[PDB]
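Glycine gets a Cβ as well: all are built from the backbone with ideal geometry, and neighbour counts include every protein chain shown. What is reported rests on the model, the rules as stated and the sources as named; these are not laboratory values.
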Amino acid sequence: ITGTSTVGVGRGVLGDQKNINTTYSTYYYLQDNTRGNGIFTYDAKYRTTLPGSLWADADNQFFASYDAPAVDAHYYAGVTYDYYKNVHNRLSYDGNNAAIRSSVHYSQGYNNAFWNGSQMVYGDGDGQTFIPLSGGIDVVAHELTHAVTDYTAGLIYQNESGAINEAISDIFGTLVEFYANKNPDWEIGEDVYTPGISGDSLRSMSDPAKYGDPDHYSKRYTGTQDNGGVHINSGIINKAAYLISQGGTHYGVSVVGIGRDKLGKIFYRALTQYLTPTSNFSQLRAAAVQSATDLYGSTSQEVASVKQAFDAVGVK
Ligand SMILES: O=C(O)CCNC(=O)c1ccccc1
Ligand SMILES: [Ca+2]
Ligand SMILES: [Ca+2]
Ligand SMILES: [Ca+2]
Ligand SMILES: [Ca+2]
Ligand SMILES: [Zn+2]
């Protein structure tokens, strides 16, 4: 909407106070004009019509329990924008400052979040398996990164290309969580998963096997569930990414870590310059090796470590 840029204040899902960029025109709307062509957060009002209504508030204070998922969707979309712009010189998900749209309160008790081809969507959870999913910065950044992939490599969401699509969203979800630097880890969804259980998460990049996901190509899933295992086989690539950053010895193969920033530069370059819609895991290894060669040189430690990591997970 047309109006003037303002700064509201509220609390997120986990009870933390934060400032949010709003727009005033009779009401205060969750419309952040400070980033690209705007960040816009909508209320789906427990229904499944999208996007729903641009979020409107009478006094620019967002401390109601009902407000919390919107505060965090809006704020964490901003953090994710800032990561891509400041770290990768990428302006929004299309590279041309596309408006970022999110809806919260989608459906009733909905234990998930997604990118629907046009916008991010967050359930509230059922309060047992999940609390409102926009409370996890890694979830918000995972979803926005699906939009980045769709505009870049375009990895088809099935089988190995789909498991790479998934791992790219877990990788950059995690690097955005480290960028924001509030309790960062290599786990996915821990801030919003199972409020009655501490220390768990939906997936782990450091040890995918903790939640039944493969950590080696010989354990890949080849059935038809889950679009051919895209949230399962993503563990093989998530483990490779973790080893490139952090190092380790995995099934006897040692990897020298090169740290998160270099992981991000290598996988950002692979995603935007080498991967294609039908890339498989072997092709991802070649893309990552070439990206590391462009950035660091063919005889570099970085190239060696990429090779070691994919060797450690059985991807040639
Ligand atoms: O792939 C998607 O975006 C849809 C499936 N959802 C997830 O992967 C997820 C991640 C973190 C927390 C909750 C759900
Ligand atoms: Ca209010
Ligand atoms: Ca965390
Ligand atoms: Ca995490
Ligand atoms: Ca938990
Ligand atoms: Zn995903």
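Here are the numbers for the structure shown:
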read-out	value
Test for residue 226: is it without any contact (Cβ under 8 Å) to a residue 40 or more places away in the chain and in a helix (DSSP H, G or I)	yes
Considering residues of the stretch 203-212 that are crowded, with 22+ Cβ neighbours inside 10 Å and not small (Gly, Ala, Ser) only, the residue farthest from ligand 3 (Cβ to nearest atom)	208
Residues of the stretch 117-133 classified as surrounded by 15 or more Cβ atoms within 10 Å (Cβ to Cβ) and either of a type in the set (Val, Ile, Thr) or under 18 Å from residue 54 (Cα atoms) (or both), total	8
Single residue of 196, 228 found to be more than 23 Å from residue 82 (Cα to Cα), surrounded by fewer than 16 Cβ atoms within 10 Å (Cβ to Cβ) and not basic (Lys, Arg)	196
Single condition residue 181 does not satisfy, out of (1) more than 18 Å from the chain's Cα centre (by Cα); (2) over 24 Å from residue 114 (Cβ atoms)	(1)
One residue from 213, 200, 207, 226 being assigned by CATH to the domain that holds residue 281, away from ligand 4 (no atom under 13 Å from the Cβ) and in contact with a strand residue (DSSP E or B) (Cβ under 7 Å, 6 or more places away or on another chain)	213
Residue within the stretch 5-27 that is touching a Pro at 6+ places or on another chain (Cβ under 7 Å) and either surrounded by 14 or more Cβ atoms within 10 Å (Cβ to Cβ) or not assigned by CATH to the domain that holds residue 80 (or both) present	yes
Index of the failed condition, residue 150 passing every other in (1) crowded, with 24+ Cβ neighbours inside 10 Å; (2) charged (D, E, K, R); (3) touching a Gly at 6+ places or on another chain (Cβ under 8 Å)	(1)
Tally of residues being buried (at least 18 other Cβ atoms within 10 Å of the Cβ) and not aliphatic (A, V, I, L, M) across the stretch 284-306	6
Qualifying residue in the stretch 168-176 (condition: over 27 Å from residue 223 (Cα atoms), among the hydroxyl-bearing types (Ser, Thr, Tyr), within 16 Å of ligand 3 (Cβ to nearest atom) and in contact with a strand residue (DSSP E or B) (Cβ under 8 Å, 6 or more places away or on another chain))	yes
Exclusive hit being within 16 Å of ligand 5 (Cβ to nearest atom), touching a residue at least 40 places away in the same chain (Cβ under 8 Å) and of a type in the set (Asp, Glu), set 170, 185, 191	191
